[PDB]
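The chain contents come next:
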Amino acid sequence: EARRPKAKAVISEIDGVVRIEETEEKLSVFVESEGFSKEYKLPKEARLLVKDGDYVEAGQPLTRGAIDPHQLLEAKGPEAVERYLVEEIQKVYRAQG
(Lines give C-alpha, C1' and ligand atoms only; values in the text may rest on other atoms or scores of the structure.)
Protein backbone atom coordinates (compact mmCIF):
# COMPACT_ATOMS: atom_id res chain seq x y z
CA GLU A 1 0.00 0.00 0.00
CA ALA A 2 2.98 2.41 0.30
CA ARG A 3 1.91 3.49 3.76
CA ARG A 4 4.28 5.52 5.92
CA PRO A 5 5.28 3.22 8.80
CA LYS A 6 4.66 4.23 12.39
CA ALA A 7 8.23 3.75 13.68
CA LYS A 8 9.62 5.63 10.70
CA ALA A 9 13.30 6.08 10.00
CA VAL A 10 14.64 9.53 9.11
CA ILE A 11 16.66 9.75 5.92
CA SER A 12 19.01 12.43 4.65
CA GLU A 13 17.57 14.75 2.02
CA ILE A 14 20.89 15.57 0.28
CA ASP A 15 24.59 14.71 0.08
CA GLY A 16 26.71 15.92 2.99
CA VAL A 17 28.42 14.77 6.17
CA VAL A 18 27.26 14.33 9.74
CA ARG A 19 27.97 15.74 13.18
CA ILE A 20 26.21 14.68 16.37
CA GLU A 21 25.12 16.89 19.26
CA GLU A 22 23.78 15.07 22.33
CA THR A 23 22.57 17.27 25.19
CA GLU A 24 20.32 16.22 28.07
CA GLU A 25 16.87 17.11 26.73
CA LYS A 26 17.69 17.16 23.02
CA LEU A 27 19.80 15.15 20.55
CA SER A 28 19.85 16.70 17.07
CA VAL A 29 21.92 15.62 14.05
CA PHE A 30 23.15 17.68 11.09
CA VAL A 31 24.10 16.50 7.59
CA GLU A 32 26.28 19.48 6.69
CA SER A 33 26.94 20.19 3.00
CA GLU A 34 29.48 22.18 1.00
CA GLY A 35 26.61 24.65 0.67
CA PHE A 36 24.05 24.74 3.48
CA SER A 37 22.23 21.99 5.43
CA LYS A 38 19.24 21.01 7.60
CA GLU A 39 18.89 19.79 11.20
CA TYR A 40 17.23 16.49 12.18
CA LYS A 41 15.51 16.53 15.56
CA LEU A 42 14.86 13.07 17.01
CA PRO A 43 14.08 11.44 20.39
CA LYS A 44 17.26 10.67 22.25
CA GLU A 45 17.29 6.90 22.62
CA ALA A 46 16.50 6.58 18.90
CA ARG A 47 19.26 4.46 17.38
CA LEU A 48 21.69 5.80 14.78
CA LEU A 49 23.27 4.27 11.66
CA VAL A 50 25.71 7.15 11.12
CA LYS A 51 29.16 7.43 12.67
CA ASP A 52 29.81 11.14 13.30
CA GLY A 53 31.59 12.65 10.30
CA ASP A 54 30.56 9.78 8.01
CA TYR A 55 29.41 10.62 4.47
CA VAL A 56 25.82 9.99 3.39
CA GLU A 57 23.96 9.55 0.11
CA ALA A 58 20.66 11.41 -0.25
CA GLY A 59 17.99 9.12 1.23
CA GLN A 60 20.55 7.02 3.11
CA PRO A 61 18.90 6.18 6.46
CA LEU A 62 20.29 7.84 9.59
CA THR A 63 18.04 6.40 12.26
CA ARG A 64 17.07 2.77 11.95
CA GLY A 65 13.59 1.63 11.08
CA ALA A 66 11.32 1.38 8.10
CA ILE A 67 11.78 3.95 5.34
CA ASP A 68 8.79 5.97 4.22
CA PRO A 69 8.93 5.11 0.49
CA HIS A 70 7.69 8.57 -0.52
CA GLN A 71 10.39 10.35 1.48
CA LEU A 72 12.69 7.94 -0.30
CA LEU A 73 11.19 8.55 -3.74
CA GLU A 74 11.61 12.34 -3.70
CA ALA A 75 15.15 12.06 -2.34
CA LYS A 76 16.55 9.17 -4.39
CA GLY A 77 14.17 8.52 -7.30
CA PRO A 78 12.10 5.77 -8.96
CA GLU A 79 14.72 3.04 -9.33
CA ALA A 80 15.76 3.61 -5.73
CA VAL A 81 12.30 3.06 -4.27
CA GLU A 82 11.56 0.30 -6.80
CA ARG A 83 14.60 -1.42 -5.23
CA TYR A 84 13.58 -0.85 -1.58
CA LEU A 85 10.06 -2.14 -2.15
CA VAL A 86 11.08 -5.37 -3.89
CA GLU A 87 13.74 -6.19 -1.31
CA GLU A 88 11.72 -5.14 1.74
CA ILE A 89 8.86 -7.41 0.60
CA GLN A 90 11.13 -10.42 -0.07
CA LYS A 91 12.61 -10.19 3.41
CA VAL A 92 9.15 -11.06 4.78
CA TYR A 93 8.67 -14.11 2.54
CA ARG A 94 12.19 -15.49 2.88
CA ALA A 95 11.68 -15.43 6.65
CA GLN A 96 8.84 -17.93 6.35
CA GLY A 97 10.82 -19.97 3.86
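Residues numbered from 1 in each chain as written, not as in the entry; some residues may be left out. Part of a larger assembly, values for the part shown. Heavy atoms only, no water.

X-ray crystallography is the method the PDB entry lists for this structure, together with a resolution of 3.00 Å.

### A look at the overall build of the protein
Summing up its helical and strand segments, the protein has 2 helices and 4 strands in all. Beginning at the N terminus, the succession of helices and strands in the protein can be written as β-β-β-β-α-α. In terms of overall dimensions, the protein has C-alpha extents of about 45 × 30 × 20 Å along its principal axes. Buried positions account for 27% of the 97 residues belonging to the protein. In the protein, once contacts between residues fewer than 6 apart in sequence are set aside, the share between residues at least 24 apart is 49%. By element, 52% of the accessible surface of the protein is carried by carbon and sulfur atoms, the whole surface being about 7,300 Å². The positive charge centre, built from 16 side chains, and the negative charge centre, built from 20, are 6 Å apart in the protein. (Helix = DSSP H or I, 4+ residues; strand = E, 2+ residues; numbered from the N terminus. Buried < 20%, exposed > 50% of the residue type's maximum accessible area, 1.4 Å probe, protein only. Contact = heavy atoms within 4.5 Å. Areas by Shrake-Rupley, 256 points an atom, 1.4 Å probe, with all protein chains shown as cover. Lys, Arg positive; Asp, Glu negative; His and termini not counted. Charge placed at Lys NZ, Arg CZ, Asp CG, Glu CD.)

### Notes on the pairing of strand β1 (residues 16-23)
Here 2 bridges tie β1 to strand β4 (residues 55-56), and the two strands are oriented antiparallel to one another. In the strand pairing of β4, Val-17 is matched with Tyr-55. Alignment of β1 against strand β2 (residues 26-32), held across 7 bridges, turns out to be antiparallel. By the bridge assignment, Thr-23 is partnered in β2 with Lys-26. Taken together, β1 and the strand that follows it, β2, pair antiparallel across an intervening segment of 2 residues. (Pairing = 2+ DSSP bridges.)

### Examining the environment of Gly-65
One can find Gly-65 in the loop between β4 and α1 (69-76). Once you skip the residues sitting within four places of it in the chain, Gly-65 turns out to touch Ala-7 and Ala-9.

### What about the nonpolar core?
Inside soluble globular proteins, nonpolar side chains tend to come together where they are buried. Among the nonpolar cores identified, the biggest contains 10 residues, and these are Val-18, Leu-27, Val-29, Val-31, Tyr-40, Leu-42, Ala-46, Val-50, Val-56 and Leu-62. For this core, the element with the highest residue contribution is β2, accounting for 3 residues. Not counting residues within four places of it along the chain, the set of residues in contact with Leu-27 comprises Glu-21, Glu-22, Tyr-40, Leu-42 and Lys-44. If you look at the next biggest cluster of nonpolar residues, it comprises 6 residues, including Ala-9, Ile-11, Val-81 and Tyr-84. (Core = buried A, V, L, I, M, F, W, Y, C linked by side-chain atoms within 4.5 Å.)

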